[PDB]
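By convention in this document, chain letters (A, B, ...) are assigned in the order of the sequence lines, proteins followed by strands, and residues within each chain are numbered from 1. No hydrogens, no waters, no symmetry mates; every other heavy atom, side chains included, goes into these values.
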Amino acid sequence: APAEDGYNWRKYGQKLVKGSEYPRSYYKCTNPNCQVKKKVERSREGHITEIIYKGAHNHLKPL
DNA sequence: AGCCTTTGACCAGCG
DNA sequence: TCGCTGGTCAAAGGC
Ligand SMILES: [Zn+2]
């Protein structure tokens with residue numbers, strides 16, 4: 001489960017990418033007409049979670 | 001009812 | 001040309 005960020009997301013895939021221990025998850029912003037997506041993947045070194053966003057939101061943070 | 005995660009299949013770029 | 005592979009599709013099931 002990914003960290004909260006004030007936006008609403010839907011998970012739409014998960015893949016174990018080469019050179020990673022932990023699988024990577026793919027989410028999309030459920031705002032219709034908004035196509036921001038983000039990737040989420042943990043890593044053991046330093047207990048790290050990288051969240052990578054592609055695209056700027058169409059709209060204010062949901063109510 | 002509607003929206004979520006899970007999942008293997010599908011996909012397109014490229015070495 | 002054709003596999004590998006990171007990214008996406010969508011059916012199935014659960015709440
Ligand atoms: Zn958005």
Side-chain angles (χ1 to χ4, degrees):
Chain A
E4 295 280 7
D5 59 37
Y7 293 98
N8 295 318
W9 308 90
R10 183 197 279 254
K11 170 183 232 168
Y12 68 91
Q14 159 188 155
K15 303 274 307 221
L16 183 94
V17 317
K18 149 82 215 171
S20 306
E21 328 191 353
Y22 303 105
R24 160 185 309 187
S25 293
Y26 302 78
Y27 299 85
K28 212 201 296 186
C29 175
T30 53
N31 261 50
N33 279 122
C34 184
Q35 279 183 135
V36 174
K37 325 184 168 137
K38 71 183 180 175
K39 306 163 176 50
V40 171
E41 198 185 341
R42 284 65 193 225
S43 36
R44 172 177 310 263
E45 34 274 58
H47 199 228
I48 288 289
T49 313
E50 252 192 6
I51 301 122
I52 296 323
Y53 295 85
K54 182 205 152 194
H57 280 283
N58 243 337
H59 51 89
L60 318 182
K61 284 163 186 165
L63 272 280

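- Qualifying side chain to side chain donor-acceptor pair (under 3.5 Å) partners for A/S20, counting only residues two or more places apart in sequence or in other chains: A/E41.
- A/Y12 and A/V36 fall into different hydrophobic clusters, where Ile, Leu, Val, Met, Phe, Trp and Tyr residues are linked whenever their side-chain heavy atoms come under 4.5 Å apart, directly or through other members.
- The nearest pair of heavy atoms linking A/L16 to A/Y22 is CD1-C, 3.8 Å.
- For the residue pair A/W9 and A/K38, the shortest heavy atom distance occurs at NE1-NZ, 3.2 Å.
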key: Candidate pair A/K37 and A/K28, rule side-chain contact (heavy atoms from CB on, under 4.5 Å), full reasoning   = CA-CA 4 Å; A/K37 325 184 168 137; A/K28 212 201 296 186; 4.2 Å; yes
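- Atom pair A/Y27:OH and B/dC4:P shows a separation of 12 Å (rounding to whole Å applied).
- When rounded to the nearest whole Å, the span between CZ of A/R10 and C1' of C/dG14 equals 14 Å.
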Check nucleotides 7-12 of chain C against the protein and report each pair of N or O atoms closer than 3.5 Å, with its distance, or say if there are none.
residue : atom : partner : partner atom : Å
C/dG7   : OP2  : A/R24   : NH1          : 2.9
C/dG7   : OP2  : A/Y26   : OH           : 2.5
C/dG7   : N7   : A/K15   : NZ           : 3.3
C/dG7   : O6   : A/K15   : NZ           : 2.4
C/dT8   : OP1  : A/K37   : NZ           : 3.0
C/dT8   : OP2  : A/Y12   : OH           : 2.6
C/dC9   : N4   : A/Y12   : O            : 2.9
C/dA10  : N6   : A/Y12   : O            : 3.4

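- Hydrophobic clustering (ILVMFWY, side-chain heavy atoms < 4.5 Å, transitive): A/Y27 and A/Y7 are in one cluster.
- Considering only residues two or more places apart in sequence or on other chains, A/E45 meets the salt bridge (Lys or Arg N to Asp or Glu O under 4.0 Å) condition with none of them.
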Under 3.5 Å donor-acceptor pairs involving side-chain atoms of residues 49-63 of chain A, not counting sequence neighbours:
residue : atom : partner : partner atom : Å
A/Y53   : OH   : A/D5    : OD2          : 2.9
A/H57   : ND1  : A/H59   : NE2          : 3.4
A/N58   : ND2  : A/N33   : O            : 2.3
A/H59   : ND1  : A/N31   : ND2          : 2.9
A/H59   : NE2  : A/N31   : ND2          : 3.2

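- From the dihedral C1'-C2'-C3'-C4', which is negative here, one reads the pucker of C/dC4 as south, toward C2'-endo.
- Paired regions of DNA chain C, where each region holds three or more successive Watson-Crick or G-U pairs whose two hydrogen-bonding distances fall under 3.5 Å, are B:2-13 with C:4-15.
- In this structure, the side chain of A/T30 engages the main chain of A/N8 through a donor-acceptor pair within 3.5 Å.
- Within residues 55-63 of chain A, no residue has any heavy atom closer than 4.0 Å to DNA chain B.
- Taking each heavy atom of A/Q14 and A/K11 in turn, the nearest pair found is NE2-NZ, 3.0 Å.
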